[PDB]
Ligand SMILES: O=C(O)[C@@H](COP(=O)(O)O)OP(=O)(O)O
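Single chain ahead, written as structure tokens, the form solved without the named molecule.
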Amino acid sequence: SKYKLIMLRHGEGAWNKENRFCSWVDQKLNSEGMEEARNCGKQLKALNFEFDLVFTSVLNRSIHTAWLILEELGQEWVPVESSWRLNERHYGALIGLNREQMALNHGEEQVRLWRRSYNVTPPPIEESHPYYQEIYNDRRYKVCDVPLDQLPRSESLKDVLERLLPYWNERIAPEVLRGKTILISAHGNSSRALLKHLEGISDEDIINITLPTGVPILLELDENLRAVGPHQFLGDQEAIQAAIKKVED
């Protein structure tokens, strides 16, 4: 492979356990999630990875994961760049609720698509939503490449890929093609959407892809930046199968 890039997702937290979607709520990593980031950094140091640039989202759990890895690598000097286009999927009005609360207010049949389909967008988050203010009042969203009102109020995995692509093509890809070793600290859907694009996965298969957290996901790309072969999880097989088992269902 002419190029190699590493990617991973932070460890999910308390909400994920209760089957709730943190989404764009800027929750901090818990003890377990901070341990994953460290162990991941140790794993990369053990593989002598030397990064030249780092890309993260605007959500602090993404960033803190990157910081802990850089500290473990002793590469805190590596430029770090953040963007909302790398943010987790915006679940709209479904933010906060568990599976049962969703079926109750929207319809079981209706809820199925929203979590298991590739292009069905959940209903938009509204002024009346408990977390509406906390997201849009945040001044980090007042300095994006698009005005606050032009940002997502809900998203499908397809939507995510569509606002992520611009960032890959305009900011990240040029750096890979320039010989740089990149690290991408992302989220569940963020990383999922980028893998679909680089690996050419169908709309039907993208849904079933396994994405363990706290695990380095190595991608070997050719001259067109298209993945050569399957992405590989780096680290000991035990730690991997436990992580995989954790993102099941």
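In case it trips you up, residue 1 is the first one in the sequence shown, and so on. Here the rigid core means the biggest group of C-alpha atoms that line up within 1.5 Å when the two forms are laid on top of each other.
Same protein, other form: the form solved in complex with the named molecule, not shown, and the subject of what follows.
Colleague: How would the site be scored, open or blocked, if the named molecule were superimposed onto this chain using its pose in the entry with it bound (blocked means 3 or more ligand atoms within 2.4 Å of backbone or C-beta)?
Modeller: Site status: open.
Colleague: For the chain shown here without its partner, which stretch in 140 to 148, 158 to 166, 171 to 179, 85 to 93 has non-hydrogen atoms within 4.5 angstroms of the named molecule in the entry with it bound?
Modeller: Residues of 85 to 93 come within 4.5 Å of the partner.
Colleague: Is it true that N16, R61 and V247, all three, sit within 4.5 Å of the named molecule in the entry with it bound, judged by heavy atoms?
Modeller: Per the other structure, all of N16, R61 and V247 touch the named molecule.
Colleague: For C22, is any heavy atom within 4.5 Å of the named molecule in the entry with it bound, or not?
Modeller: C22 belongs to the contact set for the named molecule.
Colleague: With the partner left out of view, is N189 within 4.5 angstroms of the named molecule in the entry with it bound by any non-hydrogen atom?
Modeller: The answer is yes: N189 has a heavy atom within 4.5 Å of the named molecule.
Colleague: Would you give me the residues of 104 to 122 that have any heavy atom within 4.5 Å of the named molecule in the entry with it bound, in order from first to last?
Modeller: The stretch touches the partner through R115, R116.
Colleague: After the core is superposed, which of these residues, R140, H129, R171, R112, moves its CA 2 Å or more between the shown form and the other one?
Modeller: Single hit from the list, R112.
Colleague: So, superposing on the core, is the move of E76 at the CA at least 2 angstroms between the shown form and the other one?
Modeller: No, the C-alpha moves less than 2 Å.
Colleague: Core-aligned, is the CA shift for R226 between the shown form and the other one 2 angstroms or more?
Modeller: Where the cores coincide, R226 shows only a C-alpha shift between the shown form and the other one that is less than 2 Å.
Colleague: Please check if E100 moves between the shown form and the other one, taking a CA shift of 2 Å or more relative to the superposed core as movement.
Modeller: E100: C-alpha displaced by 2 Å or more between the shown form and the other one.
Colleague: Since the CA distance of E108 and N189 differs by 3 Å or more in the entry with it bound, is it closer or farther than in the form displayed?
Modeller: Note: Cα gap between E108 and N189 shrinks in the entry with it bound.
Colleague: Quick one: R112 and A186 C-alpha atoms, closer or farther in the entry with it bound compared with this form (3 angstroms or more)?
Modeller: Nearer in the entry with it bound, by 3 Å or more.
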